[PDB]
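Shown here is one chain on its own, the form deposited in one PDB entry, set out as structure tokens.
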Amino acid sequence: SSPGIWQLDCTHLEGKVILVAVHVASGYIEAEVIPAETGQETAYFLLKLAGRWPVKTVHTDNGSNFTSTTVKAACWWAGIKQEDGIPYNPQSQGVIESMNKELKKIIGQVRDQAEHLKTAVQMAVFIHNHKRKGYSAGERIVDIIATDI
């Protein structure tokens, strides 16, 4: 069910890891900076996400997170169906690749306004979610979910 489908995405910058969740139908994102991708960090990120939006299904970003007993525990706790992130539809790869490039571009544009990478990432999330393309990703996710309710 489209309103509840999210995709995990992990990208790298400044020797750190940026963990991203994308709401597939809208392009809306949430992101955090972590020292490295672990099952524990991914699990905690999902708990946060699921308390904020009605997360039904998550396409996990890799096999280690898919396998992680802590990720499995969090998905159980939060009522999330854990699925693989295998792009059966092959355009899914390019969309995420493009989003990572786009996010890094925005991060570079704001980078000098913040001391810490985590702050620049949140500024980039803001800009991404507010950008009109016409509705913004923030507007689309709200409309999609409201219609579903």
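Residue indices: 1-based, along the sequence shown.
Another form exists, deposited with a small molecule bound; not displayed. Remarks below refer to it.
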Even though the partner isn't displayed, in the deposited complex is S98 close enough to the small molecule, meaning a heavy atom within 4.5 Å?
yes
Verify the contact flag for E102: yes if a non-hydrogen atom of it lies within 4.5 Å of a non-hydrogen atom of the small molecule in the deposited complex, no if not.
yes
Answer yes if any heavy atom of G85 is within 4.5 Å of a heavy atom of the small molecule in the deposited complex; otherwise answer no.
no
